[PDB]
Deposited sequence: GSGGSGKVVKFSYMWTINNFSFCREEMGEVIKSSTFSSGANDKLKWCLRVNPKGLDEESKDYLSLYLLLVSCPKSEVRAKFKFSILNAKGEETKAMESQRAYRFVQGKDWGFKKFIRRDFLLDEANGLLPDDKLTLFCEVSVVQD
């Protein structure tokens, strides 16, 4: 039986998000997670932007930690799960992107910090930020 894990969704919750005082360009890595049957990945968020261009934004990235071959091609979608558990503020890679070991792809301006704070009741229940990343692996 020749099989492959072609799709997977990773949910990541960052507690006491308001306590995350990392400055522009500082990052928060999630633990590394694998997809199955080979590939290792992790998420990276910049609470206060990666750079000036994104100073008022939270930056979100998908990193390919390891792959058996030279590269991996994949489509991805990032979103936030709200208080009611529903998806919101979704952004998706239009096409698939070419990942290689140690390289990431994502959105530099995924969502504005002031918006996240203003809607804290809904987007930061108990001051917890829950991120959702759905990936589509098209080539291994």
Counting from 1 along the deposited sequence, what's missing? 1 to 3, 41 to 42
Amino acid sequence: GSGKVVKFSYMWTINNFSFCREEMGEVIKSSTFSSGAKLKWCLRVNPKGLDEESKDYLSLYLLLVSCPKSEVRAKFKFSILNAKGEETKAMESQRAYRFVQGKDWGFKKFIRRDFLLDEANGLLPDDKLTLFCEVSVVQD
From here on, numbers count along this sequence of modelled residues.
Unmodelled in at least a third of other entries of this protein, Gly36: yes
Which of 79 to 87 and 48 to 56 has higher mean CA B factor, as the PDB entry lists it: 48 to 56
Assert higher mean C-alpha B factor (107 to 115 or 22 to 30, deposited values) equals 22 to 30
What third of the chain, by the recorded C-alpha B-factor, contains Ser9? lowest
What third of the chain does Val72 rank in for C-alpha temperature factor, lowest, middle or highest? lowest
Which third of the chain does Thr130 land in by C-alpha B-factor: lowest, middle or highest? lowest
Assert third(CA B-factor, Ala37) within chain per record equals highest
